[PDB]
Amino acid sequence: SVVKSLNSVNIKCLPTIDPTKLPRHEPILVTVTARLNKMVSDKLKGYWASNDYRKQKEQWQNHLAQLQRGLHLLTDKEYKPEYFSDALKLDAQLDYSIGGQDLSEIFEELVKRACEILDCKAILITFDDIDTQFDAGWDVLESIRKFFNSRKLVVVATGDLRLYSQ
Amino acid sequence: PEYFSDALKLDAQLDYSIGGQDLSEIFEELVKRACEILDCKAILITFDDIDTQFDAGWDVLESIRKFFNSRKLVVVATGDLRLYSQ
Amino acid sequence: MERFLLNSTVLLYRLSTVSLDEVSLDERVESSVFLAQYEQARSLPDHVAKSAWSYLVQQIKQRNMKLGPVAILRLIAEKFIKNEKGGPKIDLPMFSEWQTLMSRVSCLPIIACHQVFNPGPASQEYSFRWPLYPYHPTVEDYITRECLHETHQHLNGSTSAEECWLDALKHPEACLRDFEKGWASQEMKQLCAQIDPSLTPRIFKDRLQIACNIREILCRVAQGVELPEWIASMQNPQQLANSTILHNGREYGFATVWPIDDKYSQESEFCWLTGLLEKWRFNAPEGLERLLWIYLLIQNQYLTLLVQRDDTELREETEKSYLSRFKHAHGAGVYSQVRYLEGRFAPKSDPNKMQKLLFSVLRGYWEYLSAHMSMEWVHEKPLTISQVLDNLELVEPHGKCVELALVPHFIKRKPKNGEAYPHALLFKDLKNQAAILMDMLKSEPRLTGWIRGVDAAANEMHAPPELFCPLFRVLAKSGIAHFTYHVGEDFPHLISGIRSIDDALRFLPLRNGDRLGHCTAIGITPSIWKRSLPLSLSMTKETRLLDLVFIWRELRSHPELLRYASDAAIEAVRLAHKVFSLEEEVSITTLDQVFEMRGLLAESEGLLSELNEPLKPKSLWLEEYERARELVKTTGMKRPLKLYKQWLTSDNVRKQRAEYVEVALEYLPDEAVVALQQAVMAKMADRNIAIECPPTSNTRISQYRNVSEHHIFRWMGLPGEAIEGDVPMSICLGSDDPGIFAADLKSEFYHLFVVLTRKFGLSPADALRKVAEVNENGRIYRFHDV
C-alpha cells in the first residue's frame, strides 16, 4: 500500500526488498546500491545519449568507483594487509568526514546524487517480513544503523518487534 | 560452475525416460547394454554382510533404493535385519 | 629522430613534471632527445644527430604545425604508410626500417594518424586487427596457394604485445602485482633499472594510472563533448595518479562512459584515437597536446619494458583468449593465411591446473572452427574435454582453416645446491610434470593426435641438454611421438655452444623428422661472433671440460686441424686432474667413455643407488632404470663408471665444476671453429633434423649490425654469405619472441623476402623460392598427425 501510495514533495519508491528472498551470505548495503543502481540506470537509458545524459552519467560512474574500494573489504571474509596500503588514499573532495575508506559519508553522497538525477527530495527503502528467518536480519539491522543516516532518506521496515528483541 | 555446464547438457538420442539430470535411468540403460552383450535375460548383483562396518551399509541400502529399480537387475542381500533395523 | 620522441625515458620525466600551462619546451625536449638517443644508439655521431634534429624542426615549421605527437605521427605516417589495393600498407624499400622502428613504437597510433590524414580510397570499410605488412604480388599469391606453416608460438598470453598494453589498462592491480612479484627477483630489478633506473613499484602504479586517466580525458575530447570543468584544477600530470581530482572542494572523477561497452578493446582504442586526431587536424590545445604525448610515452615505455622482461595475469589471460589468437592467426579473408600452426604452452604441476588449460585451448580452437565450419557438430556446446575431441574428429584438413598441434615445453631452472646430484629439485618437478601429462593423456588417449611434441625452452647454462634423455625416452613410450629442443641460442663460448647442440644430437632421442630450436651456435660466423668481445672470456669448468673432450672428438678426425685436437686432448687431461683431483692416469679415451655415460639417469640402480635393491613395480621408468643399470654393469669395464659417480655425487668435484675458468676468445682460429660447425651439419643432416629459426626482426643477438648479416641467410646458401664446405640443412619458420610490439608470421615472411631482393639483389621469382623452402620445411617436419 505504501509503495502504491507514493508512486502516485516527491518521494521515490524503491521496489520492496527482503533479506529472506536472497542468498544467505549476501550483504544488505550491496543490495540497496544494486536496487538503487537499476532505478538510476533505467532513467539515464531513457535519455539515450543526450548532452545532459553524458554529464549526469559521468557523475554516476565516478562516484560508484569510489564506493567499490571501500566496500570491497566487506565482500571478502578475510581482510588482507594489502588493502591497508590500498585502503589509505588522500582526498578532500566529497567532504570526507573521516579518512581511509569509510562508507558512512560515501554512501550518503551516493544517495544524494540519486536525488538530483531522479528529481526527488527523498529516497524510500521498504522491507518485508523477516519473521520467516530472522537470523539473517541482523545484517539488515546493522546496515540500517550504519549506512542509513542521511536526512534525505527514509527507510520502512516491518515484522514482529519481539523477534527483533529475541 | 564447471559442474553446472557439465550437467544440463542436451542429448537427443538413446531415448532417456526421465528428463533433466538423473543417474538411475541412464544406469538402467547401461544395464540394458551389458545384458544384451552378455546375452543374459537379467543381471544379478549379490551383496555381502555389513557386520564389521555397517556405517557404509547405509550407503548400500540407499544405493539399492536409488539406482536398483528395474526388473533386468536383481539383488541378493544378506545380513541380520535387526542390525539393519538399528 | 622520429623514433626518439616516442620511446625515451628522460623525455617522459622531463614532460611529466612540467606543468601544462607553460609551453616553452623546445630547449628541454631537444636536450632530452639528444640524451635519450645517446643512451639508445651510442654510436650515432653528434654532428649527424644535431643536423637530424634540426632538419625535423624546420620540416615542422615548413608544414606549419606544432611540435608534438600530433605532428610526429604525421611525418611517420607520410613516411612509412602508403595506400595500396589492400588498404594501408608499408612500402617495400622502407619495410626494414619500420621493423627497426617497431621495436620502440607501437604501430596503432601511426595507422590512426595515417587513416585520419591520408584515408583510404572511397572510405572503404577498414578494420585493423593485424600489424601492417608490405605488399608484393610475387609473395601474396604464394600465401593464397600454399599457406604459411608456423612452428613456435607461445599460446600462454595473447597474440601480440600491443593488445597486452590494453590488458595492462584493464587490470591495473594485477599487472602491478606481476611487476612487483618480478621486481622481488634481482634479474627484473636489474632489467628495470637497465631500461630506466628511476622505476619503483610505487612509480609503476603511478605511470599506469596516469595513462588510464589520460585515456579518459582525451576520450572526452575525442567524443567532441566539452571538458567536465575540473580541468581548471589541472596543473600537473601527477594529479592523474590518484583518479580523484578536487575542484572547489567538490567531488569529481576521471572515468567516463564510452560509445562501445568494452572500452578496453582493440576497436575502442582505434575509434577513440582516429576521432581524437580528426579533431586536431588543424591545431591542438597545448595542454591536451602534451597529455597525448605522455600517453604514447607511457604506452611505449611499458611495451619496451614488457619485451625485455620476457627475455597472476597468466591465469586470467588463459581463458578463451585463444579464440582471438586463432582468429588473429587466421587473418582476414575466408581462408586462413597460416595452415599448420604449432602452439606451444607451459605445463603445470597440478593436474587440475593443467587439465583446465588444455580444455580451454581445445575448446577455443573448436570455437574458431564453428565460426567457419558451418556444419552440424555432435555437441553444440562441448564444455568438456571429451565432447571437444568428439566434435574435432568430424573435421577434415582441406587446406583452408588453421590446424593445431599443441606442444608442451618444460622450463629449466637453476641447479639447486645439494641433493647428491646437480639437478634433483629440477628433475623432480619435470618428472612430476611429465607424469601428470602422461597419465592424463592415457585417461583420454585421443589426445595423442593433438598433444604431439615436447620442448624445453628456458635457457642453456641452467641445465645441460643431456638431462632430458631419460624423461624424453619414457615420454616416447607414452605416445608423444615428436621431440623438439630449444638449444644453442645462448652460450658462453661459440665452441662451447657447438658442444651443446652436439650434446642434443648425440644424447636426446631425436628420430628422423624431429626439430631443433634456435641453433644460433652453428649459425654465427666466428668472425662475426667475435665482434665487440673481450680478449678473454669466462666459462664454468664443467662446461669447459665438456668442450675440451668434444673438440678432441671432431678434430682428431680432421687431417689438418690436428694441432688443435692434440693440444686439446693434452690439456683436457690436465683439467681432468684439476676437477676429479685424481692421482692415477686417465686417458682421453677414458674421458670420452666417462662423458658418453652422462645421459643415464642419476637414480638408476647400480649407478647412484645401491645395486642390491628390490625391483620397482613395472613403471614406464623401469625400462629406463635397468637399461642404464645393465649396460653399466656389463662391458666388463666399471672404471669409467666410478669416475662418473664422483662427477655426480662428490662434494669436491661438484664444487670444482662450478668454479669458473678463463678462456681466450680466439682459442680456436677462425677456420678452426668453422670445422666444428660443418661437422654438426653433416651429423644432423644425416639424422635429418630441422632447425627452428627465430624471427630476423629480433635484435636479441646484439651481434649483427643489420638484418642482412643474419645467420639464416648462411643456412639457405646465399652467395656472399655461405661459408665453403657448409652442409645445407632443413630450416623451418617460427615466430616466438620477435622482440617487437606487433608481429606475425606473415610480417616475418615478408621481412625475409625484402632483404633478399634489396640487399642481396635477387629477382622476385628467385627470392621467393628460397624463402618458400623455409616455409615448406615447416610443413615437411610438421608435428601434426597424418
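Residues numbered from 1 in each chain as written, not as in the entry; some residues may be left out. Chains lettered and ligands numbered in written order. Part of a larger assembly, values for the part shown. Heavy atoms only, no water. Residues with missing side-chain atoms left out of burial classes, pairs and counts.

Per the deposited record, the coordinates in this entry were obtained by cryo-EM to a resolution of 3.96 Å.

## Notes on the overall build of chain B
Selection criterion: Runs of H or I in DSSP of at least four residues are treated as helices and runs of E of at least two as strands, each being numbered from the N terminus. For a compact globule the rule gives 2.2 Å times the number of residues to the power 0.38, and the radius of gyration it is set against comes from C-alpha atoms. All accessibility values rest on the Shrake-Rupley procedure with a 1.4 Å probe; residue burial counts only the protein chains present in the view. All tallies of charge rest on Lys and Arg as positive and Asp and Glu as negative; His and the ends of each chain are not included. Here the site of a charge means NZ on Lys, CZ on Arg, CG on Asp, or CD on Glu.
When helices and strands are counted, chain B shows four helices and two strands. Along its sequence from the N terminus, chain B presents helices and strands in the succession α-α-β-α-β-α. Against the 2.2 N^0.38 benchmark of 12 Å for 86 residues, chain B shows a C-alpha radius of gyration of 16 Å, more extended than a compact globule. A principal-axis box enclosing the C-alpha atoms of chain B has dimensions of 45 × 40 × 15 Å. Total accessible area computed for chain B in this model is approximately 7300 Å², and 57% of it derives from carbon and sulfur atoms. When the 9 positive and 17 negative side-chain charges of chain B are each reduced to one mean point, those points stand 7 Å apart.

## Regarding the packing of aromatic side chains
Residue and element names in this part refer to chain C. Formally: The aromatic pairing rule takes the rings of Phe, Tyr and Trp, using the six-membered ring of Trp, and pairs them if the centres are within 6.5 Å, calling planes under 30 degrees apart stacked, those over 60 edge-to-face and the rest tilted. By definition here, charges over rings are those cases where NZ of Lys or CZ of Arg is within 6 Å of the ring centre and within 35 degrees of the ring normal.
Throughout the structure, instances matching the rule amount to 27 aromatic pairs over all chains. Note on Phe 595 and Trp 647: the rings are 5.0 Å apart at their centroids and 70 degrees apart in plane angle, and the pair reads as edge-to-face. With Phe 595 in helix α24 (residues 588–596) and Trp 647 in helix α26 (residues 639–649), this pair connects stretches of sequence that are 52 residues apart. One aromatic cluster is present, formed by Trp 165, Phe 179, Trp 183, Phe 204, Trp 272, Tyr 295 and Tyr 302 through successive ring pairs. Geometry around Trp 621 places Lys 431 over its ring, the cationic atom sitting 5.0 Å from the centre.

## Considerations on the packing of helix α10 (residues 186–195) of chain C against helix α13 (residues 286–310) of chain C
All names here are of chain C. Selection criterion: Axis lines are fitted to C-alpha atoms, over the contacting stretch for helices. Their N-to-C directions set the angle, which ranges from 0 to 180 degrees. Small angles under 35 degrees read as roughly parallel and large ones over 145 as roughly antiparallel, with 65 to 115 read as roughly perpendicular and the rest as oblique. For any helix crossing, the convention is left-handed if the near helix is rotated counterclockwise from the far helix by under a right angle, and right-handed if that rotation is clockwise. Contacts were defined at the residue level, with two residues in contact if any of their heavy atoms lie within 4.5 Å. Residues are sorted three ways: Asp, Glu, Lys and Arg are charged, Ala, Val, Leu, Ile, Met, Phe, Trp, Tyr, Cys and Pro are nonpolar, and all the rest, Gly among them, are polar.
At a closest axis distance of 10 Å, the pairing of α10 and α13 adopts a crossing angle of 140 degrees. Regarding the angle of α10 to α13, the classification is oblique. When the axes of α10 and α13 are compared, the crossing they make is right-handed. Between α10 and α13, the residues in contact are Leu 191, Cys 192 and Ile 195 and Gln 301, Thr 304, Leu 305, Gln 308 and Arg 309, respectively. Residue composition of the contact of α10 with α13, by class: four nonpolar, three polar and one charged.

## So, a negative patch on the surface
Spelled out, the test is: Without a salt bridge and with relative accessible area above 30%, a residue can belong to a patch; like charges are then joined within 9 Å and nonpolar side chains (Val, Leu, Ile, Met, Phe, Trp, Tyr) within 5 Å. The salt bridge criterion pairs a side-chain nitrogen of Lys or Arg with a carboxyl oxygen of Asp or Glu, the two atoms within 4 Å.
Where like charges cluster on the molecular surface, the negative patch consists of A:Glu82, A:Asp86, C:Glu173, C:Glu316 and C:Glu319. Looking at the element boundaries, A:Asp86 is found in helix α4 (residues 82–87).

## Some points on the environment of C:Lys181
Which entries qualify depends on this criterion: Buried means the residue's accessible area, taken with a 1.4 Å probe over protein chains only, is under 20% of the maximum for its type, while exposed means over 50%, and partly exposed covers the values in between.
Counting through the fold element by element, C:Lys181 comes out in helix α9 (residues 172–184). Taking the relative accessible area as the measure of exposure, C:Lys181 reaches 55% and is therefore exposed.

## With respect to the sheet that holds strand β9 (residues 455–456) of chain C
Residues and elements named next belong to chain C. Quick reminder of the rule: The pairing criterion for strands is at least two bridges between them, as found by DSSP.
With parallel pairing, the four strands of this open sheet are ordered in space as β4-β6-β8-β9. Of all strands in the sheet, those bounded by a partner on one side alone are β4 (153–154) and β9. Sheet topology note: the β4/strand β6 (residues 343–345) ladder contains two bridges and is parallel. Paired with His 154 across the two strands is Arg 344, which belongs to β6.

## What about the interface of chain C and chain B?
What counts is decided by this rule: Accessible surface is computed with a 1.4 Å probe, and the buried area is the amount of it that two parts give up when combined, taken over both parts together. The definition of a polar contact used here is a pair of N or O atoms within 3.5 Å, where within protein one atom must be able to donate a hydrogen and the other to accept one, and adjacent residues in sequence count solely through side-chain atom pairs.
Taken together, the five residues of chain C in the interface contact four residues of chain B. Around 370 Å² of area is buried between chain C and chain B when both sides are counted, 42% of it from carbon and sulfur atoms. The three residues of chain C that bury the most area against chain B are C:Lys356, C:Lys381 and C:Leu383, which together make up 71% of that side's buried surface. Its salt-bridge partner being B:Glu2, residue C:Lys356 comes within 3.9 Å of it at the nearest N-O pair. Seen at the junction of chain C and chain B, the total is three residue pairs in polar contact. A per-class count over the side of chain C that touches chain B returns two nonpolar, one polar and two charged.

## Side note on helix α23 (residues 562–580) of chain C
All names here are of chain C. Convention followed: Expected span of a helix, by definition, is 1.5 Å for each gap between consecutive residues, and there is one gap fewer than residues.
Compared with an ideal rise of 1.5 Å per residue, which puts 19 residues at 27 Å, α23 spans 26 Å between its outermost C-alpha atoms and is within 8% of the ideal. Those residues of α23 that are buried are in contact with α22 (541–555), α24, α26 and α27 (651–658). At the exit of α23 stands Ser 581, carrying a positive phi of roughly 60 degrees.

## Looking at the interface of chain C and chain A
Interface size, as often reported, equals the accessible area lost upon joining of the parts. Each partner contributes residues to the interface: chain C has 22 residues there, and chain A has 16 residues. Carbon and sulfur atoms make up 44% of the surface buried where chain C meets chain A, a total of about 1600 Å² over both sides. Looking at the side of chain C facing chain A, the largest losses of area belong to C:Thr244, C:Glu251 and C:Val257, adding up to 38% of the total buried there. Joining chain C to chain A, the criterion identifies two salt bridges. Across the salt bridge formed by A:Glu58 and C:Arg220, the nearest N and O atoms sit 3.0 Å from each other.

## Section: the side chain of C:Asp455
Residues and elements named next belong to chain C. Tracing the chain through its elements places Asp 455 in strand β9. With relative accessibility at 1%, the residue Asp 455 sits in the buried group. Among residues more than four places away in sequence, those in contact with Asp 455 are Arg 344, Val 407, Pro 408, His 409, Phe 410, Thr 484, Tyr 485 and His 486.

## Let's talk about the sheet that holds strand β10 (residues 484–486) of chain C
Residue and element names in this part refer to chain C. Pairing in this open sheet of four strands is parallel, and the strands run β10-β11-β14-β15 from one edge to the other. The open sheet terminates on both sides in strands that have one partner only, identified here as β10 and β15 (731–733). Taken over all neighbouring pairs, the strand axes of this sheet differ in orientation by 30 degrees on average, direction set aside. As judged from the three bridges shared by β10 and strand β11 (residues 515–517), these two strands associate in the parallel manner. By the bridge assignment for β11, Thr 484 is matched with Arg 515. Of the strands in this sheet, β14 (690–693) and β15 are in contact with helix α31 (residues 764–780), which crosses β15 at around 85 degrees.

## Quick look at the arrangement of the chains
Across the two pairs of chains that are in contact, the largest number of contacts falls between chains A and C. Nothing in chain A touches chain B; the tightest C-alpha to C-alpha distance between them is still 17 Å.

## Brief notes about the pairing of strand β5 (residues 338–341) of chain C
Residue and element names in this part refer to chain C. Across two bridges, the pairing between strand β3 (residues 148–149) and β5 is parallel. For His 149, the partnering residue across the bridge sits in β5 and is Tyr 340. Pairing geometry for β5 and strand β7 (residues 403–404), over two bridges, is parallel. What sits directly across from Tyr 340, in β7, is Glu 403.

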